[PDB]
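Below, each chain spelled out in residue letters.
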Amino acid sequence: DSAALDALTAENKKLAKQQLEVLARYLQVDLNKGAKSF
Amino acid sequence: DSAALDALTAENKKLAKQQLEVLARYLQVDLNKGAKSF
Amino acid sequence: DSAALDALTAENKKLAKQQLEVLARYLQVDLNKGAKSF
């Protein structure tokens, strides 16, 4: 029940989020065009 | 005017696409929820 | 003794496994040619 394991999981997810961001930015892919149309 | 440079660019973009795919899959992030709602 | 830390480790290893998979797929590298010959 370490309420720090959750933190490092959140950190890893944040790292992955950032990586996804720049990947998409490279691909000229909008991650929200679906949301804009919605 | 090498119509193979375009190919390797397409290959790199495909690699990046795949990487983005598995990244999102890790993040439990739907890339089409916007499109579903739309 | 959190039997969830092991889980997130397994998740990270699965992410890395997948990334390795698509990397190899890009490199046209068989990860089992050794095993086939064996």
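Criteria and cut-off values
- Residues numbered from 1 in each chain as written, not as in the entry; some residues may be left out.
- Chains lettered and ligands numbered in written order.
- Part of a larger assembly, values for the part shown.
- Heavy atoms only, no water.
- Contact = heavy atoms within 4.5 Å.
- Buried area = accessible area lost by both parts, 1.4 Å probe.
- Salt bridge = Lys/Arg side-chain N within 4 Å of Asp/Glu carboxyl O.
- Polar contact = N/O pair within 3.5 Å; in protein donor to acceptor, adjacent residues only side chain to side chain.
- Nonpolar A, V, L, I, M, F, W, Y, C, P; charged D, E, K, R; others polar.
- Helix = DSSP H or I, 4+ residues; strand = E, 2+ residues; numbered from the N terminus.
- Expected span 1.5 Å × (residues − 1).
- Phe/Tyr/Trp six-rings, centres within 6.5 Å; stacked < 30°, edge-to-face > 60°.
- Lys NZ or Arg CZ within 6 Å of the ring centre and 35° of its normal.

According to the PDB record, the title of this entry is "Electron cryomicroscopy structure of C. albicans FAS in the KS-stalled state".

Peer 1: Whenever I open this one, the interface of chain B and chain C confuses me. Can you help?
Peer 2: Often, the extent of an interface is quoted as the loss of accessible area upon association of its parts. The interface is formed by seven residues belonging to chain B together with seven residues belonging to chain C. Among the residues chain B hides against chain C, the three largest losses belong to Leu15(B), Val22(B) and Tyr26(B). Together they make up 51% of the total. In this assembly, chain B and chain C are joined by zero salt bridges. At the boundary of chain B and chain C, one finds zero residue pairs in polar contact. Among the residues making up the side of chain B that touches chain C, the classes are represented as three nonpolar, two polar and two charged.

Peer 1: Could you clarify how one ought to interpret the interface of chain B and chain A in this entry?
Peer 2: Tallying the contact residues gives 15 residues for chain B and 15 residues for chain A. Between chain B and chain A, the buried area comes to about 1,400 Å², and carbon and sulfur atoms account for 73% of it. Three residues stand out in chain B for area buried against chain A, namely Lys13(B), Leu20(B) and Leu27(B), and they jointly supply 38% of the buried area on that side. Where chain B meets chain A, there are zero salt bridges. Across the chain B-chain A interface, the total number found is four residue pairs in polar contact.

Peer 1: Which parts of the structure should I look at to understand helix α1 (residues 5–27) of chain A?
Peer 2: Every α-helix winds through 3.6 residues per turn, so residues three or four apart in the chain are directed the same way. Here α1(A) is 23 residues long and its end C-alpha atoms lie 33 Å apart, about the 33 Å a rise of 1.5 Å per residue gives. Against the buried residues of α1(A) lie α1 (5–27) of chain B together with α1 (5–27) of chain C. Two residues or fewer past α1(A), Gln28(A) is found with a positive phi of approximately 55 degrees.

Peer 1: Explain the packing of aromatic side chains here, please?
Peer 2: All chains considered together, the criterion is met by zero aromatic pairs over all chains. Sitting over the ring of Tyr26(B), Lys13(A) keeps its end group 4.5 Å from the ring centre.

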